[PDB]
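First comes one chain, alone, set out as structure tokens in the form deposited in one PDB entry.
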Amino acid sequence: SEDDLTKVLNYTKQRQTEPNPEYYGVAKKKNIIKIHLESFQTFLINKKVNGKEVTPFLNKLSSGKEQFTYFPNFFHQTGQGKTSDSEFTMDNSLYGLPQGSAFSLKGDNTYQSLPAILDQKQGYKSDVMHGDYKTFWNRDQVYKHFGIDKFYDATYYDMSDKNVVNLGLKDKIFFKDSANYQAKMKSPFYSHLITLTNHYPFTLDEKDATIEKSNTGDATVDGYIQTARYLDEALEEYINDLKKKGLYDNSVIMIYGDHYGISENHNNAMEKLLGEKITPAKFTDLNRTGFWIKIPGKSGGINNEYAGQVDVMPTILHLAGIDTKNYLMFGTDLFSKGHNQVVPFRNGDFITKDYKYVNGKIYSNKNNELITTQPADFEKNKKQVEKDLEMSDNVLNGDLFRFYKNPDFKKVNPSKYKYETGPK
């Protein structure tokens, strides 16, 4: 079994990249705020419905002129675990499982997670905040294994009828209360806010909506417009609050969509909304879920690098100034010149700068037209994709971190973590 771990460790070595000296350590011991946008796809960015911008605040961030670096070619890599798969990957640079939920099935595995590394190396305290109860998606158990110090779950918010819609707390209340909790924290902290309102079936009380639905006739697509606007407004106000509380300028702030909100079931309506047929290649393009990052002392902009959620962990560690040579990670640092510009998807599809591989066919990204002559790097990339998924699965299925005596990681004792019931 130790041999199985050794094989994965050796496999992950070749891709390792050196940090960009422009970015290496620039955020050492600064607060890190990580903002999850439930079910958010970047087809919303710059989209108008009935003449109204769906997501005007995110549109401003996406211009690159508002201190955030926006990655328009940034993809989730989730499977059946959906939100929990995104969380898993964001904090571990590992894939979820091909079937089922890693959180639900592998919650008592040994991990060497991002929050634990930040805690150990730089004295961070890590928290998650979320307007649902802690045992949903097995978060209570998983987070203890990840070494997350605090979980402000629904018991930390007023869950009365007026404050909830669909699965739980409304995003506007959530962000307002969460900013207030964050202002009471000691630095350095690593805080992950997981939103909720922009979730299937995408329902919002009329009183809370500020944009009319689209008119495709598909209730999912049409409702998504309203919940996406609501989330955008909630986020805008959250950023305002951070500025008032002095938690904006000197924090690393990242924003990301977790996974797609609109499945292929909605191709008819999405063709109406977007004005083109949703082919398999087009659907793949629509799996862009976005990454925006603000780094203190650094200008924003637009970075066109093709990338996935696996890349976030090494990016954050390098920004902190932490040497990552001993961490078992599949991603590479977004800001490094050597960033591996190949994005595996959980189903074996993948994308690169020039082409996508979708259900056994290769398409040019320029026009989504079929490529008949196999690209020079295709075999290499296809192999990397297949092996990345297999190797990651081996870690989860073999619980392989049990066997890793890592010089740069102190084994987490999950019994040292407990999430007390909140005051509400």
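Counting begins at 1, following the sequence as shown.
**Student:** Comparing 183-191 with 325-333, which has the greater mean CA B-factor as deposited?
**Tutor:** According to the PDB entry, the answer is 183-191.
**Student:** Please compare 364-372 with 382-390 and say which has the higher mean C-alpha temperature factor in the record.
**Tutor:** The stretch with the larger average C-alpha B-factor is 364-372.
**Student:** Between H199, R288, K245, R229, where does the Cα B-factor run highest in the record?
**Tutor:** Answer for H199, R288, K245, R229: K245, with the highest C-alpha B-factor.
**Student:** Please pick out which of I32, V358, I35, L58 has the largest Cα B-factor as recorded in the entry.
**Tutor:** Result of the comparison over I32, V358, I35, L58: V358.
**Student:** Which third, lowest, middle or highest, does the CA B-factor of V165 fall in along this chain?
**Tutor:** As the PDB entry reports it, the C-alpha B-factor of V165 lands in the middle third of its chain.
**Student:** Sorting the chain's modelled residues by C-alpha B-factor, tell me whether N397 ends up in the lowest, middle or highest third.
**Tutor:** As the PDB entry reports it, the C-alpha B-factor of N397 lands in the middle third of its chain.
**Student:** Within this chain, which third does the Cα B-factor at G147 fall in: lowest, middle or highest?
**Tutor:** Its C-alpha B-factor belongs to the middle third of this chain's values.
**Student:** What third of the chain does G217 rank in for C-alpha temperature factor, lowest, middle or highest?
**Tutor:** Tercile = middle for this residue's CA B-factor.
**Student:** Going by the CA temperature factor in the PDB record, which third of the chain does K298 belong to: lowest, middle or highest?
**Tutor:** Highest third.
The discussion below concerns the form solved in complex with a small molecule, not included here.
**Student:** Is it the case that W137, even though its partner is missing from this view, gets within 4.5 Å of the small molecule in the bound PDB entry, heavy atoms only?
**Tutor:** Result yes; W137 sits at the interface with the small molecule in the bound PDB entry.
**Student:** Is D132 close enough to touch the small molecule in the bound PDB entry, meaning at least one heavy atom pair within 4.5 Å?
**Tutor:** Within the cut-off, so yes.
**Student:** Consider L196 of the chain shown here, and say whether it contacts the small molecule in the bound PDB entry, taking contact as heavy atoms within 4.5 Å.
**Tutor:** Within the cut-off, so yes.
**Student:** Within a 4.5 Å heavy atom cut-off, is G81 in contact with the small molecule in the bound PDB entry?
**Tutor:** Flag for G81 set to yes.
**Student:** Could you check which residue among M159, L274, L105, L167 gets a heavy atom within 4.5 Å of the small molecule in the bound PDB entry?
**Tutor:** By the 4.5 Å criterion, the partner-contacting residue is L167.
**Student:** Pick from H192, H318, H259, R346: which has a non-hydrogen atom within 4.5 Å of the small molecule in the bound PDB entry?
**Tutor:** None of the other options qualify; the answer is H259.
**Student:** Spot the stretch among 124-132, 231-239, 323-331, 293-301 with residues whose non-hydrogen atoms come within 4.5 Å of the small molecule in the bound PDB entry.
**Tutor:** Selected range: 124-132.
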